[PDB]
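This document opens with one chain alone, in structure tokens, the form solved without the DNA.
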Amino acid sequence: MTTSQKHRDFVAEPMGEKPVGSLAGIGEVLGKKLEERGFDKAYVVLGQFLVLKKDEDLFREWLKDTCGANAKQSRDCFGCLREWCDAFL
């Protein structure tokens, strides 16, 4: 396995009310910016992922535009949501 332990912890269980910083790739800096834009719980970011029909390009650009995520951060966040959905949705 090459994923983070943090990814593995997120994808191992339903997310409930977990904060946005529980997502892989979302450190404290990106998490604060997301919270300031209203994306305060991980499920709100899941919602955007789903409204974009799980499209990697659109979601990763949305994250870049919304909190300044770089390529690795947005890839990690996308992959964590994608695997969570494959497990639970």
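One-based numbering along the sequence shown.
Here the stretch with the larger average CA B-factor, out of 4 to 12 and 78 to 86, is 4 to 12. A summary of the deposited B-factors shows that, of 52 to 60 and 39 to 47, the stretch with the larger mean C-alpha value is 52 to 60. Residue 23 sits in the lowest third of its chain by CA B factor, as recorded in the PDB entry.
Below, we turn to the form solved in complex with the DNA, even though it does not appear here.
Within this chain, residue 12 is remote from the site of the DNA in the entry with it bound, having no heavy atom within 4.5 Å. Contact between residue 33 and the DNA in the entry with it bound is found at the 4.5 Å heavy atom cutoff. In the entry with it bound, residue 45 stays away from the DNA, with no heavy atom inside 4.5 Å. Residue contact with the DNA in the entry with it bound: residue 24 places a heavy atom within 4.5 Å of it. Heavy atoms closer than or equal to 4.5 Å to the DNA in the entry with it bound belong, across 63 to 89, to the residues 70, 71, 72, 73, 75, ordered by sequence position.
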